[PDB]
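Engineer: I'd like to ask some things about the structure below.
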Amino acid sequence: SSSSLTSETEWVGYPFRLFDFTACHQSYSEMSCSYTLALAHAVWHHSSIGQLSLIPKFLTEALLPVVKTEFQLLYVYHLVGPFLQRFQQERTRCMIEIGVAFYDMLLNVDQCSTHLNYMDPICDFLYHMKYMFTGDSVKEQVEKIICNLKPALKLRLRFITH
Amino acid sequence: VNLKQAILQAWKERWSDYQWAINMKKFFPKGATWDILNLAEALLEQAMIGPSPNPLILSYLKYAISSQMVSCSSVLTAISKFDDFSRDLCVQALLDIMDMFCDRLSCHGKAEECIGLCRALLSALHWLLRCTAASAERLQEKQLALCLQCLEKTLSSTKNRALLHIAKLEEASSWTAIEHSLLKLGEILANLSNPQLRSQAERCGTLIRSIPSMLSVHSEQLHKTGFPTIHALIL
Amino acid sequence: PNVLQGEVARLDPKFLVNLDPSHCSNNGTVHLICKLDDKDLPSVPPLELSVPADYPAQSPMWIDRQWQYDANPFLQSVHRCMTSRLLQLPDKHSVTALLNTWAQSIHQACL
């Protein structure tokens, strides 16, 4: 998350092709950050029994003051996205913690940013994450959090108030 | 010549402006020609009255433009040296009439008159440039803003920009004259008159300078993706 | 559609219809430009795009209403009474009925 990745970001900027693995089908797009994402995917997958209970404290203690830009939030999303269903299987508690952690990272990047360009898929990502995983449980926690956002993100996520 | 006498007679009796069309179609064969016709009327009454509102003849001209090629009216208001008269009232009233042209459309000609409407629009833009140059004096308001407003309305994107592009390819001397006039107008566009003034004039200048280059220049971006085409062609 | 041809044949020499850039091969089959050339004052031609010529419907299109009618005071009064009169025709017919109604309204609101 901090190799440089932020200031020297690159003309590489385009996230969605970079983060996801199997981009190393060609000899190209073999960025060393994608390797770690794929390895973390594999580890969290085969270890998806009890070692996943360390991810909420990990996020809400370590990942907060190490994120300023938006593709860092996108990397965190590509890390802790697919395993949300594995969590919802039985570990229904940490769901709200991961959700409020995502909301806090969203606020942290919105408060420090010039333009939010790659946020359009993020809106519907969060939409479906609330729609098919949580429901109305994170509502009391996110009502006072979503309001501190930008007018664009506010107009987008307006429908969350229901 | 009979049209002048007909117009004087129509002035001697204040018509209801709908019987005027009937009387004009009756006095003339109504089918002989319409390009040997009213295209010379508009100037007489208004430009001649000069310092005067000149009522209901602008209304007769309006009901004329209701059924008339815009090319003739435009080349009329262009060939006329109204800015030489400089009553600051006749041109001010004529701008409101000219507003009706670019607002709705510049109708077809159904013939080779396409070049005619093209020349008409080009000369109309030149006359609007002369309007701005003559009205930007403000040595001591209304005209300096209204002329710019009518110019912006005439330079409506995607409709008349193609017409002006065709005009440039038709001949280049008029475009060079328009460029010289745009430079002369930018010379005064630096005069601090108001916040709104000297602000949209830059937009009009950018539009005029974009006219010749291209209307559909591929300026699109943000197509971030991988190109396998060159990757395979080099292989 | 031959049914429309019959009406264009039955038209008076005062009326004259034509075709614009036509989305009218066989289904719409019409959106004409009928100039009411007559003795009285002229006006702006309407479109009058009609349905299949079997006519379980009428024509009225009202395309150039926006700029043509609002611009003039007389043309504004032309539209006014003419709309109310067209809202009375029970199952009006494409060419003859609607065109005659338009001419009658144009020369009646003329007063």
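We name chains A, B, ... following the order of the structure tokens; residues begin at 1 in each chain, and ligands are numbered from 1 as shown.
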Could you give me, as a list in words, the residues within 9 Å of residue A:96, counting only C-alpha atoms and dropping anything in the same chain fewer than 3 positions from it?
Structural biologist: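 The residues satisfying every condition are residues 92, 93, 99, 100, 101, 134, 137, 138 and 141 of chain A.
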Engineer: Now that the selection is made, can you save its residues with N, CA, C and O atoms as a short mmCIF file (atom, residue, chain, number, x, y, z; two decimals), in the first residue's frame?
Structural biologist:
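To be explicit, this is the file written out as part16.cif:
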```
data_model
loop_
_atom_site.label_atom_id
_atom_site.label_comp_id
_atom_site.auth_asym_id
_atom_site.auth_seq_id
_atom_site.Cartn_x
_atom_site.Cartn_y
_atom_site.Cartn_z
N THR A 92 -21.20 -13.19 11.28
CA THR A 92 -22.05 -12.05 10.98
C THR A 92 -21.66 -10.79 11.75
O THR A 92 -22.14 -9.71 11.42
N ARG A 93 -20.79 -10.91 12.75
CA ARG A 93 -20.42 -9.75 13.55
C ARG A 93 -19.50 -8.81 12.77
O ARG A 93 -19.83 -7.64 12.56
N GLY A 99 -17.69 -2.99 7.11
CA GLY A 99 -18.45 -1.97 6.42
C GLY A 99 -18.11 -0.57 6.89
O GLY A 99 -17.85 0.32 6.08
N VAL A 100 -18.11 -0.35 8.21
CA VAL A 100 -17.78 0.97 8.73
C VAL A 100 -16.32 1.30 8.46
O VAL A 100 -15.96 2.48 8.32
N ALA A 101 -15.45 0.29 8.37
CA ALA A 101 -14.07 0.56 7.99
C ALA A 101 -13.98 1.06 6.55
O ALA A 101 -13.24 2.00 6.25
N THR A 134 -25.61 -6.91 4.11
CA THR A 134 -25.94 -6.34 5.42
C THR A 134 -27.44 -6.11 5.58
O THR A 134 -28.07 -6.68 6.48
N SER A 137 -28.58 -3.02 8.93
CA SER A 137 -27.89 -3.10 10.21
C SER A 137 -26.82 -2.03 10.39
O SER A 137 -26.55 -1.61 11.52
N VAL A 138 -26.20 -1.57 9.30
CA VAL A 138 -25.13 -0.59 9.37
C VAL A 138 -25.70 0.82 9.26
O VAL A 138 -24.95 1.80 9.20
N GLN A 141 -25.04 3.38 12.10
CA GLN A 141 -23.63 3.75 12.15
C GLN A 141 -23.23 4.61 10.96
O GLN A 141 -22.33 5.46 11.10
#
```
Engineer: Residues of chain B within 9 Å of chain A, counting only C-alpha atoms - could you list those as a PyMOL selection string?
Structural biologist: chain B and resi 224-226
Engineer: Would you save the residues of that selection, restricted to C-alpha atoms, as a compact mmCIF listing (two decimals), in the first residue's frame?
Structural biologist:
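To be explicit, this is the file written out as part_4.txt:
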```
# COMPACT_ATOMS: atom_id res chain seq x y z
CA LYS B 224 -7.54 3.76 -20.66
CA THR B 225 -7.12 0.10 -21.64
CA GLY B 226 -4.68 -2.31 -23.27
```
Engineer: Residues within 7 Å of stretch 36-48 of chain C, please, as a ChimeraX atom specification. Count only C-alpha atoms; anything in the same chain fewer than 6 positions from it doesn't count.
Structural biologist: /B:18-19,21-22 /C:14-15,59-64,103
Engineer: May I have the residues of chain B within 12 Å of chain C, counting only C-alpha atoms, written as number ranges by chain?
Structural biologist: B: 16-27, 29-31, 58-68, 96-97, 99-105, 108, 110
Engineer: Based on DSSP run over this structure's backbone, return all residues of chain C in alpha helix (DSSP H), as JSON, numbers by chain.
Structural biologist: {"C": [2, 3, 4, 5, 6, 7, 8, 9, 65, 66, 67, 68, 69, 70, 71, 73, 74, 75, 76, 77, 78, 79, 80, 81, 82, 83, 84, 85, 86, 96, 97, 98, 99, 100, 101, 102, 103, 104, 105, 106, 107, 108]}
Engineer: Using only C-alpha atoms for the distances, tell me which of A:49, A:37, A:42, A:122 is nearest to residue A:73.
Structural biologist: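 Closest residue, counting only C-alpha atoms: A:122.
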Engineer: Hey, can you check how far atom CA of residue B:174 sits from atom CA of residue B:213?
Structural biologist: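 Calculated distance between atom CA of residue B:174 and atom CA of residue B:213 is 16.1 Å.
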Engineer: Hey, can you check how far atom CA of residue A:70 sits from atom CA of residue A:82?
Structural biologist: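 That distance, rounded to one decimal, is 19.1 Å.
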